[PDB]
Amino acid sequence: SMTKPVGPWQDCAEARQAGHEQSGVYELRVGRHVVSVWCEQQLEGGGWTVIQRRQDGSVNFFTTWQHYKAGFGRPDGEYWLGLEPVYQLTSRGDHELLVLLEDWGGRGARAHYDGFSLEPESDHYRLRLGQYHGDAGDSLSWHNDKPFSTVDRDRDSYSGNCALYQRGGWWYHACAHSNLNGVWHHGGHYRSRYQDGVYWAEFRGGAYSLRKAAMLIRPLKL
């Protein structure tokens, strides 16, 4: 028929190439299961699968290993796609990671990594990145080849428990240049004993909480 091609899709890039130019919720076939994700279809050519998004404090990111593994939140809003789904997606071919940030004054910034994957659960979903470029600054490279930690699974390189103080699940080092799964505060400045906000060291700094943050992936076709 004369209607556009339809899903479910291998990824947002496949939907984009089929002529779906509007961002929104798409169905992806990830492994043996179809999962709904937000696709950013306009920025930098589109085709970006959102795997993490912060924007309004509606979802608790201080949550269980099982929730970090399986995914939590909902794709129309704040969510975390899940370590296992992201492992499945990035276990097939090369991927670019795009990090999108916005501060409370409306300034935006972007980080790109040419290469992004996770080890499986048996290797604690260790992060692998590729070459960096972007205006945001490279505040994820310090987390390369770090295991994923949550408060009951302290795998970081800190004397104490990074997740306990910075409140995310993350590939904590000692402790972080970026904390995108941290506490979303209702303004850029907040009162806390710890740098626990949604921060990016090289874009507004570790004492700031960003208004919007998101992590997106797309197949990398050289």
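All residue numbers refer to positions in the sequence shown, first residue = 1.
Per the PDB record, of the two stretches 203-211 and 12-20, 12-20 carries the greater mean B-factor over its C-alpha atoms. On average the C-alpha atoms of 90-98 have higher B-factors than those of the other stretch, with 103-111 and 90-98 being the two compared. The residue among 27, 40, 44, 156 whose C-alpha carries the highest B-factor in the deposited model is 44. Annotation for 54, 177, 193, 69: 193 ranks highest, by Cα B-factor. Annotation for residue 63: C-alpha temperature factor in the highest third relative to the rest of the modelled chain, per the entry.
Annotation for residue 78: C-alpha temperature factor in the lowest third relative to the rest of the modelled chain, per the entry. Per-chain ranking of the deposited C-alpha B factor places residue 188 in the highest third. In the PDB entry, a CA B factor belonging to the lowest third of its chain's modelled residues is recorded for residue 197.
The entry lists a Cα temperature factor for residue 150 that places it in the middle third of the chain's modelled residues.
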